[PDB]
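The chain that follows stands alone, in the form solved without the named molecule, written as structure tokens.
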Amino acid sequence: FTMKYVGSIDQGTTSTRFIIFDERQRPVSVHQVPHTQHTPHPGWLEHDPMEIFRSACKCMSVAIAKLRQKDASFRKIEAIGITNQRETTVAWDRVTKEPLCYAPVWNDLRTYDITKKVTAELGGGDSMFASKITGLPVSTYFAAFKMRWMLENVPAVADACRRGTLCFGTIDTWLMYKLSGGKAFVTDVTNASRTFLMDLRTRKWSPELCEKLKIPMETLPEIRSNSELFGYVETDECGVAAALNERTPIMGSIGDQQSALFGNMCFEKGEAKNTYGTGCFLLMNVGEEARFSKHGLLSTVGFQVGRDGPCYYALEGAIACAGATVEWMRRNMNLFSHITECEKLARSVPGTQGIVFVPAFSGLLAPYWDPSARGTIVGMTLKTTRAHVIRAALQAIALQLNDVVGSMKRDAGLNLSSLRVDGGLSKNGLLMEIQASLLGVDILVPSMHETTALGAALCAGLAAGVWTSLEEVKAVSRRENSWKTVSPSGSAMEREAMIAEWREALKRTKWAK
């Protein structure tokens, strides 16, 4: 036949992208368009759903146009996948086809008072009351609470609910609705699991929770899998229908973290990925049955290939200050000037020589949620240098994931098979070695680092028959796009002593108030 290509809309917190992959899973064209970060009051954050929609469209037409110019064999896009900042929630009207307000972002803290109210007046003091249904604690992040808040506080949303015309939806749902010309009102299992309205075990809306939270099941879209025919692109808001040329289907939708889980090929229980960004997000595949957490971790859907096909579940954990710690050392503390020196300063010394640096700046998340913990350094002497402090910060990040992973191993009754990394800090070689050594598993660094975008591309491709099974997907990746591999290179005396030092250090962190 001819060459095939799959497009991936990568819709993030600070920008939107379109990446076209070829059938070897190589990114052959990209365009990025940012969008405005609206901040009406301290701790609020909101996005313009229409601005986001036009960025997607822009990106699609620019990347397309750039590829035609450099690839004589590119004829059309076979299918489009979507991946998105999760939890961000949009309200819009079924007949005007427009938003009723801006979109509160995942990390938006306006829903706080609703969240304290729900914990008390519905869970009787327990934030975990519905964690066996949803997999989730009561929290400001999850969508129901933002939905509730827009019902309570946006007269326009209240009204349209009463007309029977209101649509709520995560960014996947919204993007798919407009791309479709308003014909498709859908969502995938991974986005739907971050709403607080889906029953993990069935992956359907929960009549009980919707009732109990007073969100009407008329407002919610149809839950579908990650990989299947969602709709077609039927708009032309920035040249896009012209650019795609043929009608082009939408056949992949997956929340960003799960999209990275998928794009890093974590198809089997025990396989986990970590993104080393500003924070860390670690996800492990735990298998075909939902596993619930007794360490404060999130249970979520990992991925679902095919409608009502197999559903792999996952456990998710975070740390707030990974990349942010490195940036803090530089710009607040002058411990170095630009990012290259971070790793070389940390390599200049054989170890931390006693010190521990717990970068608990905005508390400890992970499996020891403690908002009172603060940034603390212990063990220093006159022989202590910035080299050691920088190295200890690398150890700290790796120690936290280790704790997170330890908790996941216990909640799930599995061992960690391998950890794939992506993110800025995955380019710090030393941090990968300290991590491999602590976890006692191989760490895998793909050199094609666009793993989030690839997840959604893989979903669309499987469904459109560009790739014909997960095994073919792994073969192509392992052959074409080369992984760097990083084996444990440390003794069990050192491992055990580093974790013991860390354990002792964590006791000394309590400070705020």
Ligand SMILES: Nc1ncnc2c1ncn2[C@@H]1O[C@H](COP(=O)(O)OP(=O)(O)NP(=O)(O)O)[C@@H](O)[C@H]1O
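Take the two forms, find the largest set of C-alpha atoms that superpose within 1.5 Å, and that set is the rigid core. A residue's number is simply how far along the shown sequence it sits, counting from 1.
As for the form deposited with the named molecule bound, it is not shown, yet the points below apply to it.
Location of the named molecule contact in the deposited complex, chosen stretch of 351 to 359, 434 to 442, 147 to 155, 68 to 76 [non-hydrogen atom, 4.5 Å] | That would be stretch 68 to 76.
Is there a heavy atom of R495 no more than 4.5 Å from a heavy atom of the named molecule in the deposited complex?
-> Taking the distances in the deposited complex, the answer for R495 is no, it never comes within 4.5 Å of the named molecule.
Examine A512 and determine whether its closest non-hydrogen atom to the named molecule in the deposited complex is within 4.5 angstroms.
-> Answer no; every heavy atom of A512 is more than 4.5 Å from the named molecule in the deposited complex.
So in the deposited complex, does any heavy atom of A464 sit within 4.5 Å of the named molecule?
-> Although the named molecule is absent here, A464 would stay clear of it in the deposited complex, with no heavy atoms inside 4.5 Å.
With a 4.5 Å heavy atom cut-off, would you call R24 a contact of the named molecule in the deposited complex?
-> The answer is yes: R24 has a heavy atom within 4.5 Å of the named molecule.
Which one, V28, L45, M50, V473, lies within 4.5 Å of the named molecule in the deposited complex by heavy atoms?
-> In short, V28.
Which listed residue (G379, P216, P310, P207) has a Cα shift of at least 2 Å between the shown form and the other one, rigid core superposed?
-> Residue with a C-alpha shift of 2 Å or more: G379.
Cα displacement of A242 between the shown form and the other one reaching 2 Å, rigid core superposed = After core superposition, the C-alpha of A242 moves less than 2 Å between the shown form and the other one.
Exceeds or equals 2 Å, Cα of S337 between the shown form and the other one, core fit | The answer is no, as the C-alpha of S337 shifts between the shown form and the other one by less than 2 Å after core alignment.
After fitting the core, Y232 CA displacement of 2 Å or more between the shown form and the other one = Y232: C-alpha displaced by less than 2 Å between the shown form and the other one.
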